[PDB]
Amino acid sequence: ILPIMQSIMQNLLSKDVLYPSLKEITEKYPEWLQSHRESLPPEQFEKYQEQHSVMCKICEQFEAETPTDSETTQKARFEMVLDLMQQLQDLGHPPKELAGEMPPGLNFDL
């Protein structure tokens, strides 16, 4: 099952599938963070900034893709994105107001 698992991940975390939604939610964080800073515990505020940072790194990987990327660059880039997505999961729930807008499987409610 390791192979089919692998190809589902490759499909789900591809630029074509994930990038539009991800980019849109990422761009909502800065203004949400600015207006909620005063009312949040700094520890939770830091987690949200970290989510924004991790998501920016993913968008940057997607936006760096070119039609002339080697096979090893494409595999390395996927592994970075997978790596970053794990870190996103380990950051727990997004802000309530911004939660639930990722593709199925990628809405972390923990």
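Reconstructed Cβ throughout: ideal geometry from the backbone, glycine too, with neighbour counts over all protein chains shown. Only the coordinates and a few stated rules stand behind these numbers; no lab work does.
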Q: Kindly indicate whether any position in the stretch 99-108 is part of a helix (DSSP H, G or I), surrounded by 15 or more Cβ atoms within 10 Å (Cβ to Cβ) and touching a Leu at 6+ places or on another chain (Cβ under 9 Å).
A: no
**Q.** Cross-chain or 6+ apart pairs with Cβ under 9 Å, the stretch 30-51 first and free of Cβ contacts under 8 Å to residues at least 40 places away in the same chain, then of a type in the set (S, T, N, Q)
**A.** 33/49
Q: Please determine, by comparing only the residues of the stretch 64-86 that are touching a residue at least 12 places away in the same chain (Cβ under 8 Å) and under 17 Å from residue 11 (Cα atoms), which one is nearest to the chain's Cα centre (by Cα).
A: 85
Q) Is it fair to say residue 100 is at positive phi and in contact (Cβ under 8 Å) with a residue 12 or more places away in the chain? A) no
Q.
I'd like to know if the stretch 62-73 contains one or more residues that are of a type outside the set (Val, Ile, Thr) and closer than 20 Å to residue 108 by Cβ.
A. yes
Q | residue 19 being within 20 Å of residue 87 (Cβ to Cβ), in contact (Cβ under 8 Å) with a residue 60 or more places away in the chain and hydroxyl-bearing (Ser, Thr, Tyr) | A | no
